[PDB]
Amino acid sequence: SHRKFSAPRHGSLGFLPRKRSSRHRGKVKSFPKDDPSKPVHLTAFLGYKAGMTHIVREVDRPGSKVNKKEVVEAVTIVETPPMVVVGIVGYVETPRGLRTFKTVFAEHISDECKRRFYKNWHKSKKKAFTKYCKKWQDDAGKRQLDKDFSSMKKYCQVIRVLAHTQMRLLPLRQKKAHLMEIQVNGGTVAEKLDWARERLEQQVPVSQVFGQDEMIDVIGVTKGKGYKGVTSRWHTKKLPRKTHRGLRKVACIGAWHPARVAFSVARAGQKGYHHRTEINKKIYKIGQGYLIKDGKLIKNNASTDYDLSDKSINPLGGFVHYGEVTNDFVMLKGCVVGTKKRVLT
Amino acid sequence: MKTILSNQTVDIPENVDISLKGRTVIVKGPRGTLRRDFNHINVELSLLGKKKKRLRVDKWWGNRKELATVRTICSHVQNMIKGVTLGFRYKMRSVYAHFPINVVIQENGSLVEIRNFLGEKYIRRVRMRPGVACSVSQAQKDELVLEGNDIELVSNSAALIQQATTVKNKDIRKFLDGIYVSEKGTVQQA
Amino acid sequence: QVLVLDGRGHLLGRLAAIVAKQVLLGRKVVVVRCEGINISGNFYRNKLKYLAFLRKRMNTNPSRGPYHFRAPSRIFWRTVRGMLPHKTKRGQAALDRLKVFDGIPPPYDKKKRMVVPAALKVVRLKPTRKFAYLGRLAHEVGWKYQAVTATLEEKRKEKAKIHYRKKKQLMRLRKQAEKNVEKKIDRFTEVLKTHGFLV
Amino acid sequence: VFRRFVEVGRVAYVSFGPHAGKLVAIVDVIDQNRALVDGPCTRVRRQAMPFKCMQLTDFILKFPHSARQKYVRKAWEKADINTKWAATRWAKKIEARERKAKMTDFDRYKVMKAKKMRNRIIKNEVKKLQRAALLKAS
RNA sequence: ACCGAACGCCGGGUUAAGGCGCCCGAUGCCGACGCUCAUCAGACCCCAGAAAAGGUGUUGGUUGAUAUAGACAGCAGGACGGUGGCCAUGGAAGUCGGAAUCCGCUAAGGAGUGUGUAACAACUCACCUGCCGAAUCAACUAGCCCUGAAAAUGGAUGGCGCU
RNA sequence: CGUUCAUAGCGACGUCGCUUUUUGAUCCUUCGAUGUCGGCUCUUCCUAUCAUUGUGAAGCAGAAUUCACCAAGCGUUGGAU
RNA sequence: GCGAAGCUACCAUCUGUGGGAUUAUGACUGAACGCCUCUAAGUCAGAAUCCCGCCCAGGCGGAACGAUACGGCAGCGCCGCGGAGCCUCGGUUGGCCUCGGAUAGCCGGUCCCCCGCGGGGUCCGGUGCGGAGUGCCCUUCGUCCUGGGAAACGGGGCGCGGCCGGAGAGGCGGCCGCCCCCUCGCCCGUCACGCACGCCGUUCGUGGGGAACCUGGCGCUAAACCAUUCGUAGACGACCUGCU
Ligand SMILES: [Mg+2]
Ligand SMILES: [Mg+2]
Ligand SMILES: [Mg+2]
Ligand SMILES: [Mg+2]
Ligand SMILES: [Mg+2]
Ligand SMILES: [Mg+2]
Ligand SMILES: [Mg+2]
Ligand SMILES: [Mg+2]
Ligand SMILES: [Mg+2]
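My aim in this report is to walk through the structure given alongside it, one point at a time.

Thresholds applied
- Residues numbered from 1 in each chain as written, not as in the entry; some residues may be left out.
- Chains lettered and ligands numbered in written order.
- Part of a larger assembly, values for the part shown.
- Heavy atoms only, no water.
- Residues with missing side-chain atoms left out of burial classes, pairs and counts.
- Contact = heavy atoms within 4.5 Å.
- Buried area = accessible area lost by both parts, 1.4 Å probe.
- Salt bridge = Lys/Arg side-chain N within 4 Å of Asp/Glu carboxyl O.
- Polar contact = N/O pair within 3.5 Å; in protein donor to acceptor, adjacent residues only side chain to side chain.
- Near = heavy atom within 4 Å.
- Nonpolar A, V, L, I, M, F, W, Y, C, P; charged D, E, K, R; others polar.
- Helix = DSSP H or I, 4+ residues; strand = E, 2+ residues; numbered from the N terminus.
- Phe/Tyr/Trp six-rings, centres within 6.5 Å; stacked < 30°, edge-to-face > 60°.
- Buried < 20%, exposed > 50% of the residue type's maximum accessible area, 1.4 Å probe, protein only.
- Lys NZ or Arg CZ within 6 Å of the ring centre and 35° of its normal.
- Patch = residues over 30% accessible without salt bridge, like charges linked within 9 Å, V, L, I, M, F, W, Y side chains within 5 Å.
- Areas by Shrake-Rupley, 256 points an atom, 1.4 Å probe, with all protein chains shown as cover.

1. A few points about the interface of chain D and chain B
Move 1: Chain D puts four residues into the contact, and the matching count from chain B is four residues.
Move 2: Contact with chain B buries area across many residues of chain D, yet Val1, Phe2 and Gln32 of chain D alone supply 83% of it, more than any other trio.
Move 3: Taken together, chain D and chain B are joined by zero salt bridges.
Move 4: Remark: the boundary between chain D and chain B carries one residue pair in polar contact.

2. Concerning the protein's contact with RNA strand F
Move 1: As a structural note, the neighbourhood of RNA strand F is formed by 23 residues, with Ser6, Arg9, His10 and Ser264 of chain A together with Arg173 of chain B the closest of them.
Move 2: Side-chain polar atom of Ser6 of chain A to a sugar or linking oxygen of RNA strand F: 2.7 Å apart, as the coordinates give it.
Move 3: Residue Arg173 of chain B places a side-chain N or O atom 2.8 Å away from a phosphate oxygen belonging to RNA strand F.
Move 4: Tallied by class, the residues present in the surface near RNA strand F amount to ten nonpolar, four polar and nine charged.

3. Quick notes on the protein's contact with RNA strand E
Move 1: Taken together, 37 residues lie near RNA strand E, and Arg14, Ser40, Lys56 and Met83 of chain C together with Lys52 of chain D sit nearest.
Move 2: Counting only the atoms of RNA strand E within 4 Å of the protein, the fraction contributed by sugar and phosphate is 64%.
Move 3: At a separation of 3.5 Å, a base oxygen of RNA strand E approaches a polar side-chain atom of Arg260 of chain A.
Move 4: Contact between RNA strand E and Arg129 of chain C: a base nitrogen at 3.1 Å from a side-chain N or O atom of the residue.
Move 5: Listing elements by their share of the surface near RNA strand E, those giving two or more residues are α1 (12-25), β3 (38-40) and α2 (43-55) of chain C.
Move 6: Examining the composition of the surface near RNA strand E, we find that seven residues originate from one element, α1 of chain C, more than from any other.

4. Observations regarding the packing of aromatic side chains
Move 1: The final tally for this structure, using the stated rule, is 14 aromatic pairs over all chains.
Move 2: Each ring, one from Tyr50 of chain C and one from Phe53 of chain C, has its centre 5.4 Å from the other, and the planes form 85°; the classification is edge-to-face. In this pair, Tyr50 of chain C and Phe53 of chain C both sit in helix α2, three residues apart, roughly one turn of the helix.
Move 3: On the basis of relative accessibility, which here comes to 24%, the residue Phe53 of chain C falls in the partly exposed class.
Move 4: Members of the aromatic cluster, each reached through a chain of ring pairs, are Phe105, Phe117, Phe129 and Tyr132 of chain A.
Move 5: For the cation-ring pair, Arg160 of chain A lies above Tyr91 of chain A, with the distance from its terminal atom to the ring centre recorded as 4.0 Å.
Move 6: Note that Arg74 of chain C overlies the ring of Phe69 of chain C, its terminal NZ or CZ placed 3.9 Å from the centroid.

5. What about a nonpolar patch on the surface?
Move 1: Together, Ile4, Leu5 and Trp61 of chain B line one region of the surface with nonpolar side chains, adding up to about 270 Å² of accessible area.
Move 2: Residue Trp61 of chain B is classed as partly exposed on the basis of its relative accessible area of 34%.

6. Brief notes about the arrangement of the chains
Move 1: Of all four pairs of chains in contact, the one with the most contacts involves chains C and D.
Move 2: With no contact formed, the shortest span from any C-alpha in chain A to any C-alpha in chain B equals 19 Å.
Move 3: Separated in space, chain A and chain D share no contact, their closest pair of C-alpha atoms being 30 Å apart.

7. Section: the side chain of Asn46 of chain C
Residues and elements named next belong to chain C.
Move 1: The residue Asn46 is located in helix α2 in this model.
Move 2: Assessed through its relative accessible area of 5%, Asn46 is described here as buried.
Move 3: Side-chain polar atoms of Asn46 contact the backbone oxygen of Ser40, separated by 3.4 Å.

8. Describing the pattern of salt bridges
Move 1: For the coordinates displayed, the defined rule picks out 30 salt bridges over all chains.
Move 2: Residues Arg160 of chain A and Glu181 of chain A are paired through a salt bridge, measuring 3.0 Å at the closest nitrogen-oxygen approach. Note that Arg160 of chain A is positioned in strand β5 (residues 158-164) and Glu181 of chain A in strand β6 (residues 179-183), a separation of 21 residues in sequence.
Move 3: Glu181 of chain A sits in the partly exposed class, given a relative accessible area of 27%.
Move 4: What emerges from the salt-bridge pattern is a single network uniting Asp6, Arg33, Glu153, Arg156 and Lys157 of chain C.

9. Remarks on the interface of chain D and chain C
Often the size quoted for an interface is simply the accessible area lost on bringing the parts together.
Move 1: On the chain C side, the residues contacting the 21 residues of chain D number 21 residues.
Move 2: Of the roughly 1,900 Å² buried between chain D and chain C, counting both surfaces, carbon and sulfur atoms make up 71%.
Move 3: If you sort the residues of chain D by the area they bury against chain C, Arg118, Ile121 and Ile122 of chain D come out on top, with a joint share of 30%.
Move 4: Inspection of the region where chain D meets chain C yields one salt bridge.
Move 5: The salt bridge involving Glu178 of chain C is made with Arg118 of chain D; its shortest N-O contact spans 3.3 Å.
Move 6: Inspection of the chain D/chain C interface yields four residue pairs in polar contact.
Move 7: Elements represented by at least two residues in the side of chain D that touches chain C include exactly α3 (89-102) and α4 (105-137) of chain D.

Put into structure tokens, the structure is as follows:
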């Protein structure tokens, strides 16, 4: 028979195999569409969630009940020290898909970066790219390098740049800079690829990629919550006190006759640590890091035109379970997926 | 049953020249070219005569629905000729009981904004089928003129602005509002 | 030893039939430019008929289910596999001889590629009937790589034009060369036209 | 954009059937898809024959729509159809296709030798023509 | 449990009933004549599925008509007088209804098809012309197709598919 | 019937159907036992559509509204006995 | 009592998207049916539908790039050319390509005109049951001798160096220098080659695919796992990190 009293279903199927993510670092599953017209630039960057705080601001949406009223507002800080572009990488369009084509790397690559090409740096002789960077200091190679580029200049449709973080600069314990491909959307493929060739071994700071008051999309892996029961996982109803075998369950799995249980029925498994792609996180601020001229310029961070104190965003006694954010940072409105120290795309 | 042959003529006049590449009548003359492919109709377009004076459309072994194209092709060819020679001018008056229908072309005859229909804040921007050009009329007050060579493109573009101006959720017996097509004509009579 | 058929202008299940039977006799067959293949009956009709097939799926665990390929290559290969004994070893062995393609890629772009006339639209449909192009049908049903296939194939046809042009030039040279030479080859060429060539 | 038409007195080659390889001048069309046909000179009897089989020639001899065999015979022999047919490319390339089929295994060999050589004397001449066209381009 | 056919072990030949795109042995015949297109096509004893009633979808039949004495459609012109005709008054002068149901002028208009009126009025619907110019229309009937035609796990002309 | 008007909406006298969410018929299956009602929880499916999308209809002036289509995407609630 | 950290609540706070095909319907052109008609052939608008996008997962599915075991016994990667010796089998000339049309096509040549030796155009001339034809084309299938003709500078040495084109899954060609050697196709003369005595798996792709073994030349010099650690993780494994 039917269900007496309707209700919506618990959860959404459009997120599942509610499984422990395969990746740690959040993949950009789809970059935006390049056009022609507008200059080359990266489409994304890589950060580290330090923590959170309030912000106060005037708010100018006419019509509201909050118009030119101050509000408080949550933000995240994302420690986002400048990236280094190490490699480039061309993609060719095909009827199968989007085949990767021709990957150049720079002459020098930092150990920060080379770490990531080993499970175990302590043990490793550290021999990666040794026989490659030879190319960058002879005639024969340097000619092949040009042909390797000029091939991409003819064929490839999409060119992303490889970069890596500057793990060095973060308080975080790990030394293994995350690598990443980051897509260059801009002018023609040649122009694109020339821009990348200029950027090789070079810094790329946050401001170059994102601007203030700009909606971005955070991607990152959820805060992980081990195995969990159907109740905390799917937010199904707790059964009532009297319930002889368990009450944090789902009474009936399925009906009788399609006599399997379905994927659509709420079961118990991994809660959290999924891969997730949030969208529309505004950027309330992009802070310049610490630096010097004669003494420090710590002021410039948490300072405003209406505070003008000497504060850093670093709260008293450091960001908790993190450290001092000394570098430049983005201050998204709201929460972002995932936990302190997490690599946040 | 099958019918051993039906066929029909079209007197092309001396003002016009017509060709045909295969089954693809091309008509040019005063106002310009007008092509039309009839791949999809399965006929023998015999253009014949010195001075190329007439098109002729055969149809061998036609069953009822097959034969009926024969004429329709021919008819489309007249209307091609007509537009080349004369042009099409679809006049459409605006009709309203209260809110006057403010029209204003934009690019040339391409865009048509249509403000204050029924007092609606929403303005109906209506592009044309390319090849046509709307304009506003002088002499007659609430009245557009859609001039163009291709009958189809004109009429379609008319309809578009006929249909834009409909009323939702009210009784259209009563609420007789909009642009509607008053007269189908030509750009010059002869 | 290999059959390369230009899938273009065939009838989906008509060509499949021939291919199946060939493939089971041990002929390595390659079909190619499947998206050209065209299915009898009008489009809307067939889109609806694909949309049935997408409605089909195991309730409890769709993931196990009838695997609705969207790519017009696969779609052809599915309909051959419906005309094979594919659970057996011999049916799966056969199916490993069939090779199919979305458009026509490098090993067979430069191959004289056959046609089966018994599968051919221009032979088997009456000319007053409608028919889907598979390409369209795939497209609307979820296939991605239409444009990519198209835009590679423009680049194929341009390259082929050139090949053909240059062929034409050699053929013209041959014709001229025979006319230059004729008198010193007369008492061969004669014999080839007494035993039935050249005429 | 048609050229050959089923007329009274059009000559038809019979692609297949009993009387394949024979000419035949349509006397008269019985039906949508069937003609009453004759081949007086060609050794084919006054008989109905469907269109299915009779692919039709550029010739059309002239007699009346229901003739009496003598008169279509006369028409035939006047126009010398049988000569004219045999000097057509078509009938020549039938004969050609007949003569390759007749080829004895000895003749086959002979031919093979001949063409082996006859191709060689062209291929060199083609080479030259190519070499000379390259010199003009330079 | 139907249809064929009834069994020792085998070689060759032939059959029945059913078959012969491919799964699958056999049409890989230049097989023949039609009909038919379905945004729910159809596709073979038992059998596993539909009806009444519709359809200018098409294809056949049957019977009547029409008509150069000038048609058929298409637009154009008139549609009256005896007459508020009789019954009915609640008002029916053609027009809620009902018995009537003829004559004049007629070229021709019904004691009137509707629309509308308290009731009229007004509008509307034959006979003939002009442009026009040869064929055209009605009623039945039956074949395929469609409408009629709604159920629950995803789904079954056996499947793929087939025009 | 609906001022009038058969068919906006209805529909007698008659008649043809579909459906198995009613109940009957029936007794094929199970009596070396298929846990016998509700409610609770959870999923999914159907459409014969209450609502929402886009639409045709009216005895639709607007407002409210019935009648019908495409349509099962999303919903369809808290309590007294 | 009050409570850091942590978990955690519409009991706090943040985020939640764009296309395409079209359905019903309304239409355009427009015949059938001299008029009329959304429909027949053709064209349009069109939606909580449908399919895709974003989003999640990622195939007994692929990719590009890195590093590739100095050694104390090592062991391998290329290159070219040799000897045996298991195993796995199929095969038993090639075809190196226009696009497409079908109530139409194919090729020439432009005298003439436009565009970037080509492309497009018109005009003319040829074919068209297709001979510039897959009914096709290419290729030959015994070996050698010498001693004439027709044909003749062609072929080779896994001959050697340069310049190209090819990215869809390139995997293949092409064109240019120099060294040495030869006289091959077509007709004939002129002999000879175990002629194994009528009789089967012959004839090739083939130096085939895989595995173990003997030679030269030039190159190489590891990561992974465990243990240890971490807590962005965790039932256990797994994961994320650290360690001259
Ligand atoms: Mg319910
Ligand atoms: Mg208990
Ligand atoms: Mg009444
Ligand atoms: Mg049980
Ligand atoms: Mg319904
Ligand atoms: Mg209303
Ligand atoms: Mg749309
Ligand atoms: Mg419609
Ligand atoms: Mg549309």
